[PDB]
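Only one structure is covered here, and it is reproduced in the block below.
Every residue, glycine among them, receives a Cβ derived from its backbone with ideal geometry; neighbour counts consider all protein chains shown. The numbers here are math on the coordinates, done by the rules we state, and not lab data.
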Amino acid sequence: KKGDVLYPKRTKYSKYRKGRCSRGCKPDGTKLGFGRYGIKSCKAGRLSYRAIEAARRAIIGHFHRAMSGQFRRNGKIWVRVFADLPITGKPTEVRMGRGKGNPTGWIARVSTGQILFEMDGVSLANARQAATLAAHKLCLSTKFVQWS
Amino acid sequence: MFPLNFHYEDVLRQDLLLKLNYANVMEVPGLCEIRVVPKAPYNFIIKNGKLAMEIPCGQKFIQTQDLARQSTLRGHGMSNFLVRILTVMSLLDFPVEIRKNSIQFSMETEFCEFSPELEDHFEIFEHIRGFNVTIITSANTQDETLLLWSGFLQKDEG
Amino acid sequence: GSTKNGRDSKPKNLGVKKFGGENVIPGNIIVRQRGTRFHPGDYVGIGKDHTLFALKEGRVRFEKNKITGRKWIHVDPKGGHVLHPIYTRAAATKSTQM
Amino acid sequence: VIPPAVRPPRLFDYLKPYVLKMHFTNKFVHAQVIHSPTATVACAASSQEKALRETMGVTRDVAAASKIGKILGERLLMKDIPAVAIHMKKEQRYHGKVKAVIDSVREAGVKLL
Amino acid sequence: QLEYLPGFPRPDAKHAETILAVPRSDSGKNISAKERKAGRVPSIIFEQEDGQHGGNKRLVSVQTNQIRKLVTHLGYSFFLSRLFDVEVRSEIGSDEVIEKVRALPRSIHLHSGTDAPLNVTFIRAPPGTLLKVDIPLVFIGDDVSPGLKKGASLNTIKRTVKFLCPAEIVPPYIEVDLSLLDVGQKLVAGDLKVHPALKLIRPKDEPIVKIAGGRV
Amino acid sequence: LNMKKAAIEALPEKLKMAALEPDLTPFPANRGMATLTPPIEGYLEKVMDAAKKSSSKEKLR
Amino acid sequence: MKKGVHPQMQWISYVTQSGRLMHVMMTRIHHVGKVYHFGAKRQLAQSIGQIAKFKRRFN
Amino acid sequence: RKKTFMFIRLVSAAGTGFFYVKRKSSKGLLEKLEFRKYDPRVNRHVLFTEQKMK
RNA sequence: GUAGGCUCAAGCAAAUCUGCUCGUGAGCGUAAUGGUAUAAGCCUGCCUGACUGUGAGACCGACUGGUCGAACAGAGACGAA
RNA sequence: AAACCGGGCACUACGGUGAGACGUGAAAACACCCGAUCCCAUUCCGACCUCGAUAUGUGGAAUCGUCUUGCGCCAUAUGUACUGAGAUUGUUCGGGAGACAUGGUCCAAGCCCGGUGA
Ligand SMILES: [K+]
Ligand SMILES: [K+]
Ligand SMILES: [Mg+2]
Ligand SMILES: [Mg+2]
Ligand SMILES: [Mg+2]
């Protein structure tokens, strides 16, 4: 959580292996767990916590301006993707091997069919347009999913 | 032969059969054990604390690892201890508390002040906070325990 | 820049040396292990570092307990079981006499 | 804790097929010698038997268990079993009736393995 | 007494199509990909009585356009709580009808990325058979609710309820009336107005929807 | 106990539901307890008279 | 009960307020056993109220 | 560099000169070790007493 | 070392003993990993096999070398066995 | 004599392990109900174990039964993940989970001692 920017308070180990993320699907299909509408991914890749926070801020700021008054917080947002892999990096003007570099940020591994966001308590058109606004901040291809 | 358990078997068992709903004569509550444990702030070192426990219980205590002292009384020793405490109970109005299956009593120095056999050697029991006495009964219900204690607490006054 | 991590240890070569159905002669080491991953069964002895070895010439059979998941290794002897010498001295003498 | 299931003692070099198992109730005493490969009762002696429950007065105590042990030892020596191996259950120690049965068998003359 | 009571919903006659299938001769990803390339969804029809030894199964293939149309028109959950007629013939356009039977769609597999159907499962439900059916909920009366009038927001805890249903009276959906709920209260699974012959699998003290107060 | 159980079942309905109620009234504290000697006749009233003669008047503070 | 571990015991006599005799055991702290009589030493204490205190003076 | 332990000789009291080399700490004690151990030159168990290592 | 006995940690009820759930989560001097419940853990009694001379047969392997081990002879410890 | 019942050993997760409800002590068996003098038990205590005692009481604790069930366990799909060989820059042939779904908690069963039958 940590307010806006989401990463763990502490980890078991400081540095992790790179791993692979270009494959992986949900082998059983996907369904919404909390909300009526949602945004899911169609491809697999990496998303940074800054991008996830920017997408969440875009959705909540669209609801803020579309619906005011007592319905201003009637919209509920669930963020179902969490960034818990630190990435590292060596600065400029450094040679190749003297260990491993300092950590610079956090990423999340996203699979094909993973639900990134879930929305409830709003109109269908507001949910579709908030998904449209939020997908412009993510590098992956996303789809709007509806409960049925 | 002995007054307490004889009174239980001859009077209270029949009336406790008749007063409550029981499927068998082995479902009647009885009397298991008495557990005596001294009150919390005490010395662990002086011989008064050991002797003031050995004298009213009649058997050696256990001192576990020195932070805990305990005595458990079963059988005829438990009956003698109970018929002493119930006789000295008739000289005052000491409070007791009924739990789900057991009776709690507070063995203060004002109890051994009124015990006629402990009027002498009173300097043993002086400077002692007291004990906590537990009477465990084989009772399913707190009301069974209350009925059993009201049966056992008898006097000729009133 | 300096790392503090360059240490490892020499390999120990553990594992199962004789699998199921293998033919063993006495003295053969079956499983070398850290702790009793396999417990000794019939005609299988154990050393001070939980090494399992064979005592009779036969074939290695494994066993698993279904409830607890414990595992045992037995050796089926080649000629079958051998009775005690007190029985071979007394009861077999009377068996030949009867 | 969950008590794990008991195993028979491990085979080391020789078979030792005759196992002595004892049992005691409120009224009688029983002792059995079992042949392990066939899972049959090779020999038995108990104070519940028709030829034994009237020839002794008390059928439950240490003296009765000692008489039963002596009878079982003589039955084993005439059925030609020179040695037996003793099995002890979950609560039996070498004390009292168990001790009486074992010492009676040993004095009857059966080797103990 | 095996009929829908009055005051209850019934299955619609608009979506009462019959599902056409042809036999399939093998299992596996090879023949599954071949059928999907040819434009058919693999499927199996089975019964309850012998879970071991297969279950009198028959391997079939249904039409992708029909199945996708049914799922899109009904919804995913509504398709799974409604009975259908299945007609298995030897060939498309043939009249050699092998098996006509009244069956429940036990599950349908959708791709997690493209949402094309990959597998349909049918279980034989003639009258007199018992099923575990997951019934969707429909929430009505949200304009009459005093709590929603006062500006409170709606917390839908559960969307589907699992029941034990005889085949003849399986409800398509459960109507839940929100007319008389103000701020603070919730509805539990024991308040659902169902047939008396339906048994609730979940315990009755399970919340379904609560109206919680707004941020004053 | 068996005879009491047989006695409760030969009653009318409301009269039976009344008599199935458990008795929870505590035992009387004035009933005696058996011991090795019957009470002296001129003892208890004497002790009561002495106690009330002591409790007569008020103690000075 | 273990041996060589517990205190010795003694027999003493109790006399109830009605004169009933009862025999009990007790840890031996006297040379010979004695008879202890029980009285009515209940010692119940009462305090007067303020209206009672007022009426004790001004009437 | 500094060692916390030292070596000692348990010497056979039979006079044969057979010794065992044992080890004890240097933190501090006053009780000299003695044991009942096997002396192979006399084929009997005898008494062994600790002596300083030379 | 041996013989005998015992079974932890955590939660709940009573608010340190006694009972119920659970199951390795306690301990095993010392890092981590594997193991372990009539024990490899804890207690009590007695001891010094923390012996001497050998060792069928295997497991590691450039070599130097290292590990496990049934069994044989002498002297012993504990145990009714 | 051949069946049935009780006890001990043996076989075993479809045969395990918990929970609930209803029953059962056959002229027999098992256990409890009673005591702590000797053996034994307790770092205090007959609580546990042990040793004595019980023409007949009780199945309250355990033990036996019958059903309902929860975890497990067994059997089996359909589909997907993943993967061996092969380059139409993997258009071919094979293997096949986990989680779902469906059913079951079988069948067979040896030795000895005692009782009723006899
Ligand atoms: K020791
Ligand atoms: K030797
Ligand atoms: Mg296949
Ligand atoms: Mg031991
Ligand atoms: Mg599977």
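Round to a whole angstrom and tell me the spacing of the C-alpha centers of the stretch G:12-59 and the stretch B:82-133. Measuring centre to centre over Cα atoms gives 14 Å. Straight-line cross-link partners of F:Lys59 among the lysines, defined as a Cα under 30 Å from its Cα and at least 8 positions apart when in the same chain: B:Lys155, F:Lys46, G:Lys41, G:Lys53, G:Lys55.
Between helix C:85-97 and chain C, what is the angle of the helix's C-alpha long axis to the longest principal axis, kept within 0 to 90° and rounded to the nearest 10? That helix lies at roughly 30 degrees to the long axis. Averaged over the residues of D:78-91, the number of partner chain Cβ atoms lying within 10 Å of the residue Cβ comes to 2.
For the cross-link pairs A:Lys26/C:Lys4; B:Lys47/H:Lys27; A:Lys31/E:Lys29; C:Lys12/H:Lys27, which exceed 30 Å when the distance is taken from alpha carbon to alpha carbon? Pairs exceeding the cut-off: A:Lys26/C:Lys4; B:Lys47/H:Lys27; C:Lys12/H:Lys27.
Would you work out if the protein assembly as shown is rounded, prolate or oblate? Take a ≥ b ≥ c from the square roots of the eigenvalues of the alpha-carbon gyration tensor; rounded if a/c is under 1.5, else prolate when a/b is larger than b/c, oblate otherwise.
Oblate shape, in that a/c is at least 1.5 and b/c is the bigger or equal ratio.
Amide H contacts under 5 Å for A:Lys15: none, restricted to partners 5 or more places along the chain or on a different chain, H placed in the peptide plane at 1.01 Å from N. For the stretch B:77-141, GluC sites (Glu not before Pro) are listed when DSSP marks them as loop and at most 16 other Cβ atoms sit within 10 Å of their Cβ; the list is B:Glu119, B:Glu126.
Of the cross-linked pairs D:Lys21/D:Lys70; A:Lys1/E:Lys162; A:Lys1/E:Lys149; B:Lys19/F:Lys14; E:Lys14/E:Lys69; E:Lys69/E:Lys199, those separated by over 22 Å at the C-alpha level are A:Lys1/E:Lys162; A:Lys1/E:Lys149; E:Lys69/E:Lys199.
Note on chain G: helix-only mean residue ellipticity at 222 nm, from DSSP H runs of 4+ residues weighted -39500 (n - 2.57) and normalised by residue number, equals -3500 deg cm²/dmol.
Per residue of A:32-41, other chain Cβ atoms within 10 Å of the residue Cβ number 1 on average.
Would you tell me the mean number of C-beta atoms belonging to other protein chains that fall within 10 Å of each C-beta in B:75-88, as a whole number?
Partner Cβ neighbours, averaged per residue: 3.
Between helix D:62-78 and chain D, what is the angle of the helix's C-alpha long axis to the longest principal axis, kept within 0 to 90° and rounded to the nearest 10? Here the helix axis deviates by roughly 70 degrees. When the stretch E:166-216 is described by a simple charge dipole with +1 on each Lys and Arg Cβ and -1 on each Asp and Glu Cβ, the residue from E:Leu192, E:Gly214, E:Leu180 located farthest towards its positive end is E:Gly214. Please get the size of the charge dipole for the protein assembly as shown, origin at its Cα centre, with Cβ charges of +1 on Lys and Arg and -1 on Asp and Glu, quoted in debye to the nearest 20. Charge dipole, the protein assembly as shown, about its Cα centre: 6580 debye, nearest 20.
Counting charges near E:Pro207 (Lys, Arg +1; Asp, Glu -1) among other residues having Cβ under 12 Å from its Cβ returns a value of +2. Tell me the net charge near D:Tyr94. Cut-off is 14 Å between Cβ atoms, D:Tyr94 excluded, with +1 for each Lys or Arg and -1 for each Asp or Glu. Residues close to D:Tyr94 contribute a combined charge of +3.
The stretch B:1-73 and the stretch C:11-37 have Cα centres spaced 61 Å apart. Per residue, the convex hull spanned by the alpha carbons of the stretch E:58-97 comes to 94 Å³. Calculated mean residue ellipticity, 222 nm, chain B: -10000 deg cm²/dmol, from DSSP H runs (n ≥ 4) at -39500 (n - 2.57) each, averaged per residue and rounded to 500. I want the local charge near B:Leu16. Using Cβ-Cβ distances under 15 Å, sum +1 for each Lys or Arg and -1 for each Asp or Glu among the other residues. With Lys, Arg at +1 and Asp, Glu at -1, the net is -3.
Straight Cα distances below 15 angstrom link C:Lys56 to the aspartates and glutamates C:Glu22, C:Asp42, C:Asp76, D:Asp13, with same-chain residues fewer than 8 positions distant left out.
For the stretch E:36-137, the Kirkwood radius over C-alpha pairs fed into Stokes-Einstein at 10 °C and 1.306 mPa s yields D = 109 µm² per second. Of all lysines in the structure, the ones whose alpha carbon falls short of 17 Å from that of G:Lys2, not counting any fewer than 8 places away in one chain, are B:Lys60. When the helices of chain D are scored as -39500 (n - 2.57) per DSSP H run of n ≥ 4 and the total is divided over every residue, the value at 222 nm lands at -8500 deg cm²/dmol.
Between B:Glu27 and B:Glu126, what FRET efficiency comes out of the Förster formula 1/(1 + (r/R0)^6) with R0 = 51 Å and r the beta carbon distance, rounded to 0.05? Don't jump to the answer; show the numbers that get you there.
Details: r = 46 Å, r/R0 = 0.90.
With a Förster radius of 51 Å, E is 0.65.
Sorting E:33-39, H:29-35 by average packing, meaning the other beta carbons within 10 Å per residue, from highest down gives E:33-39, H:29-35. In angstrom, the C-alpha Rg and Dmax of chain H are 12.5, 41. Residues whose amide H falls under 5 Å from that of D:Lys16, counting only those 5 or more places apart or on a different chain, are C:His84, with hydrogens built in the peptide plane. Compute the helix-to-body angle for A:49-66: its Cα long axis versus the longest principal axis of chain A, expressed 0 to 90° and rounded to tens. That works out to roughly 20 degrees. Averaging Cα coordinates gives a centre for the stretch D:42-56 and one for the stretch D:1-36; these two points are 20 Å apart.
Its residue count N sets the reference 2.2 N^0.38 Å, and the alpha-carbon radius of gyration of the stretch D:28-113 equals 1.04 times that reference.
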